[PDB]
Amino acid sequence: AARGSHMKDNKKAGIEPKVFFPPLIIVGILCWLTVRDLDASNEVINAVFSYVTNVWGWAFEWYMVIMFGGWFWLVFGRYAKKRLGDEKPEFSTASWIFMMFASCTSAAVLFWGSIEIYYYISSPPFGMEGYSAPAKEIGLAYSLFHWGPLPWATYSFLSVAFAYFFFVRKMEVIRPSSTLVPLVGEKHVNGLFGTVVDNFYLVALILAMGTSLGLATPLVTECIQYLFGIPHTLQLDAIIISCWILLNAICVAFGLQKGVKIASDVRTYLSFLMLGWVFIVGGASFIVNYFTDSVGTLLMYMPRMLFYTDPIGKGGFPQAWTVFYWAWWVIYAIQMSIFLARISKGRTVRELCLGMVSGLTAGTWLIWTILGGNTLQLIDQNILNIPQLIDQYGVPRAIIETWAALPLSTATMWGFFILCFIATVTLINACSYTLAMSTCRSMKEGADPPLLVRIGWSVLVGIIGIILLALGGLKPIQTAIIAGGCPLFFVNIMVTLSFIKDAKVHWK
């Protein structure tokens, strides 16, 4: 225990058993149990989904309401004009929006963007009849709601909190625990409380990352089946997941940050090209008209959508969608808010709140109205039988089918194939990075994490994906999200309370 041991900040690199082992053990144990009996796992998975959504769905809904309220408080309250770092923004306002407008590009987004409208239209909210005109007229509006300005505004409290911690308090924050000192004290932060918090967070994050794989993988393999004729099987999925891991491993080992960043740029520009293409050849005039109509419908129904539980009719719509999506929002809040904070030094509180909500919803509104308007038309015109395609082949095939129904079919599918593939590479890279940084001992800033830790995490995330795929269907992915959401409900609130308490003292 010597010598010269406590004569400075820690300054050495490696794993921190505090937070490295428990996640590994917990996710490992869960994977093993899931695989023991896939049919009984699915039975429990379904019971967990139904229980949380039906019994605690209301709390997820009130969380979004409160956070939405917070956005107004930030935009109009005492902090509106506070600068987040006295320096000038490190980006032009345009590159700043472009960076948000770019982070919207993802594989999960192409998944839900392409298919969620089919579900809204066939099993409508508010007791409407499946496939009726009124079901069709509310379909996109409900996307504009679940992926619009309201959900994005709920990230504002956390984004401002983190930019305040980074740039006014000048704290290095990696783990949630590090922001809670104003709230519970250093004893609790550094003790067991802060350890549990950080471990619950990491588990939720790990599961969430697996779900991203679980959704992105089948899209890529359906593209592969369509383009090359290689049949989509669970083995093809395990093969592609392996390639991503190896690719990641080669990128990390040889430190190709430069190349990965360029890939990130290509995915962003390909996204624009692909959406623009779908718009131009998918029925531009209908899409513009349908979007316009859906805005007014969204504005009218919004308060109804925000507080919807269907307690009389019990059709289950809010439970299946709103609660699940809100859990998705809650799971990714800290992660997304940190990234928004980082690109926002020098901006004012109100500037951050207005800009992020503007640029981010532009991104998501565009994706869901173009892909959703395409899908809706294909259903309307009987070009596809989506129910039949799903019952036979699975959801990912039905999605690929909405893409291949467009002109220049083979070229279009090349575009999408490339998009979903690079997106997943940059997602794996980013995922492995975050997990490594969060489970290793405090290391000098600007330094990359221990390589073997980083690769090891990518492998565990890949395992989770293949199991989710083995389990089959949407339900396992949805329940992993709902599960992770439950703890992070409390973690998110704790970080914002911590910010609010600190700000009383150091922001006046």
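Numbering starts at 1 and runs along the sequence shown.
Taking the PDB entry as given, 430-438 carries the higher mean Cα B factor of the two stretches 357-365 and 430-438.
The stretch 242-250 shows the higher mean C-alpha B-factor when 242-250 is compared against 141-149 in the entry.
For the set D293, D265, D310, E116, the PDB entry assigns the largest Cα B-factor to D265. Of the candidates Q257, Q319, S122, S337, the one whose C-alpha carries the top B factor in the deposited record is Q257. Per the deposited record, the Cα B-factor of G70 falls in the lowest third when ranked against the other modelled residues of its chain. Placement of the Cα temperature factor of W326 within the chain: lowest third of the modelled residues, per the deposited record. Ranked within its chain, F60 lands in the lowest third, by CA B factor from the PDB record. Per-chain ranking of the deposited C-alpha B factor places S271 in the middle third. When the modelled residues of the chain are ordered by their C-alpha B factor, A108 lands in the middle third.
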